[PDB]
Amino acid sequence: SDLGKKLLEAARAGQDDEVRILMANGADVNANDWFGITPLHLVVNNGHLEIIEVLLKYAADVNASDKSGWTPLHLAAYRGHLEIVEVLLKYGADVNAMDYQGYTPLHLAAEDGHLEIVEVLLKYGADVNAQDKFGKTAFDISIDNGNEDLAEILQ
């Protein structure tokens, strides 16, 4: 039961205090047992805004990609927490990072229909021309939703 494993579990469990204690005692900020998942992915998974900045402060890699190609930014888009996508963008998150289906975070937010996250991704330079692997761009996921909301913010 080492520090890495304990840090992953505290991040996973959303125990911010235990994350801070473990980091102070030397735990590896990019620890990943299982699936390329780092503490930053896990804390993003949970929506835990404050602790995200402590981990970046400890030099956490904001663009760490897990074994599905999902970066913390992909995850923040999936979860649809505006506050979290904003902070990850501030800290150098790759807005055009591609997973293994070829999605970028903009692709993931368009699926979930999280609208005021798509604005933010676009201003941070999120190329909408982006095609996934089976071709079907973010436009082709506006139509899956039948949305005169997402399409009508897309010229």
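The numbering used is simple: start at 1 and walk along the sequence shown.
Student: Higher average CA B factor in the deposited record is what I'm after, so tell me if that's 108-116 or 85-93.
Tutor: Higher of the two, by average CA B-factor, is 108-116.
Student: Decide which of the stretches 48-56 and 119-127 has the higher mean C-alpha B-factor, going by the entry.
Tutor: Mean C-alpha B-factor is greater for 119-127.
Student: Is the Cα B-factor recorded for residue 3 in the lowest, middle or highest third of its chain?
Tutor: Middle third, going by the recorded CA B-factors of the chain.
Student: In terms of the chain's CA B-factor thirds, is residue 100 lowest, middle or highest?
Tutor: Highest third of the chain for residue 100's C-alpha B-factor.
Student: Ranking every modelled residue in this chain by its Cα temperature factor as given in the entry, which third contains residue 15?
Tutor: Tercile = lowest for this residue's CA B-factor.
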